[PDB]
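Here the structure is laid out as structure tokens; the discussion comes afterwards.
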Amino acid sequence: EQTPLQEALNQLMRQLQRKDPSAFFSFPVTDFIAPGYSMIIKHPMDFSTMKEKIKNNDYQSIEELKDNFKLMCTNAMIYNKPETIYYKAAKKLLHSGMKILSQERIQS
Ligand SMILES: COc1cc(-c2cn(C)c(=O)c3cnccc23)c(OC)cc1CN(C)C
Ligand SMILES: [Cl-]
Ligand SMILES: [Cl-]
Ligand SMILES: [Cl-]
Ligand SMILES: [Mg+2]
Ligand SMILES: [Zn+2]
Ligand SMILES: [Zn+2]
């Protein structure tokens, strides 16, 4: 029995992962795939961690999920140089994901 907020966050997640066809952001980045990663990135984030937070009722709002999504993409721009495939992928995903997540206030 999931809450309406959990349901809403799951639906946003399905849309966001469709914008990552290479699966670069599905799971945590290890020091084996990315030498020295843990030496540089001190606040890691990825889509599997976000899904576990949803399941554990660790989100209070869509805002919180959007900020963790931003943190995941910004981390790739700190660790990887601008010329690399991972920096370019992060920029593309940040922009398409924010088109999904951003919206106008809704007033009564
Ligand atoms: C090339 O394959 C992968 C690359 C990355 C990867 C991601 N990001 C965000 C990086 O910053 C990054 C930086 N340097 C090296 C690698 C990566 C990955 O991370 C979980 C998983 C795979 C496995 N693949 C079958 C999907
Ligand atoms: Cl992987
Ligand atoms: Cl950007
Ligand atoms: Cl940009
Ligand atoms: Mg708020
Ligand atoms: Zn915020
Ligand atoms: Zn940008």
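Nothing fancy with the numbering, it's 1 onward along the sequence. Just follow the structure's listing: the first ligand is 1, and inside any ligand the first atom is 1.
Minimum heavy-atom separation, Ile100 to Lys19: CD1-CG, 4.0 Å. In terms of heavy-atom proximity, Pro44 sits nearest to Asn75 at CA-ND2, 3.6 Å.
Counting heavy-atom neighbours within 6.0 Å of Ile62 CD1, excluding the residue itself, gives a total of 12 or less.
Listed for the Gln17 side chain is no donor-acceptor partner under 3.5 Å among the backbone atoms of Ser26. Distance alone, capped at 3.5 Å, is enough to place a donor-acceptor pair between the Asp20 side chain and the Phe24 backbone.
For the Zn ion (ligand 7), the nearby protein N/O/S atoms, meaning those under 2.8 Å, are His95 NE2.
For atom 21 (C) of ligand 1, the candidate residues are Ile33, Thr30, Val29; the nearest heavy-atom contact is made by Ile33. Between the choices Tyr86, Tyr87, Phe24, the shortest heavy-atom distance to atom 10 (C) of ligand 1 belongs to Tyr86.
Under the side-chain hydrogen bond (donor to acceptor under 3.5 Å, both in side chains) criterion, no residue pair touches residues 83-108, with sequence neighbours excluded.
Counting protein heavy atoms only, atom 26 (C) of ligand 1 is closest to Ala23 O, 3.2 Å. Closest to atom 13 (C) of ligand 1 among all protein heavy atoms lies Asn80 OD1, 3.4 Å. Protein heavy atom closest to atom 20 (C) of ligand 1, with residue, atom name and distance, is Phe27 O, 3.3 Å.
Partners of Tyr79 by ring-ring contact (aromatic ring centres under 6.0 Å, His included), not counting sequence neighbours, listed by chain and number: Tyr37. Qualifying side chain to side chain contact (heavy atoms under 4.5 Å, CB included) partners for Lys70, counting only residues two or more places apart in sequence or in other chains: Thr74, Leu94, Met98.
Heavy-atom contacts of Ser22 reach the following atoms of ligand 1: 26 (C) (cutoff under 4.0 Å).
Between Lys66 and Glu63, at least one side-chain nitrogen of the basic residue sits less than 4.0 Å from a carboxylate oxygen of the acidic one, meeting the salt-bridge criterion.
Ligand 1 does not have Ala89 within reach: every non-hydrogen atom of the residue lies 4.0 Å or more from it. Not a single heavy atom of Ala90 sits less than 4.0 Å from an atom of ligand 1.
Where the criterion is an N or O separation shorter than 3.5 Å, residue side chain and backbone included, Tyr79 fails it with respect to ligand 1.
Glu64 and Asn68 are not linked by any side-chain donor-acceptor pair at a separation below 3.5 angstrom, with hydrogens and angles left out of the test.
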